[PDB]
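Here is the structure we will look at.
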Amino acid sequence: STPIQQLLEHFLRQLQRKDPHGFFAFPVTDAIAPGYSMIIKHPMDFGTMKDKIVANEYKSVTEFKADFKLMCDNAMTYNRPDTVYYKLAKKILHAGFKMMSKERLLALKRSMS
Ligand SMILES: COc1cc(-c2cc(C)c(=O)n(C)c2)cc(OC)c1CN1CC(O)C1
């Protein structure tokens, strides 16, 4: 395992503990959500992101943040605002971007000197 992999696994774990029922743990299927694929063209989930970290598919924290935003955006695009999925996606989005903020990544960048 590499330093970037270790850092991405930490961010992922801290994000995964916000989803207790595992609604974002594995991909959304047409069986679980009717006509999902007709609406969501670029699907994403925590499990897909885990495989990518392991496969060393992330060159930056930005690439990781982009797949995380994608996951939350898809849940807010498919589901209406009064649903449990939309509300959880909104909360985990705000949580991930506070945790992976410019101020936090800057403090980290400066600690690598
Ligand atoms: C992958 O797992 C599920 C994902 C969803 C889900 C549905 C929509 C529409 C949606 O946008 N997102 C993001 C997730 C719903 C599920 O069923 C209640 C499950 C089943 N699992 C949950 C565990 O408790 C059983």
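Mind the numbering: the sequence shown is residues 22 to 134 in the authors' numbering, read in order. Where a beta carbon is used, it is the ideal one built from N, C-alpha and C, also for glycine.
In the structure shown, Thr69 falls within a helical segment according to DSSP collapsed to helix, strand and coil.
Segment contact: the segment 48–56 against the segment 109–118, fewer than three CB-CB distances shorter than 8 Å; contact not assigned. For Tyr79, there is no enclosing alpha helix (DSSP H), as DSSP marks it with neither H nor E.
Distances from the CB of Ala116 to the heavy atoms of ligand 1 are all 7 Å or more. The beta carbons of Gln35 and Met120 sit about 6 Å from each other, so the pair counts as a contact at 8 Å.
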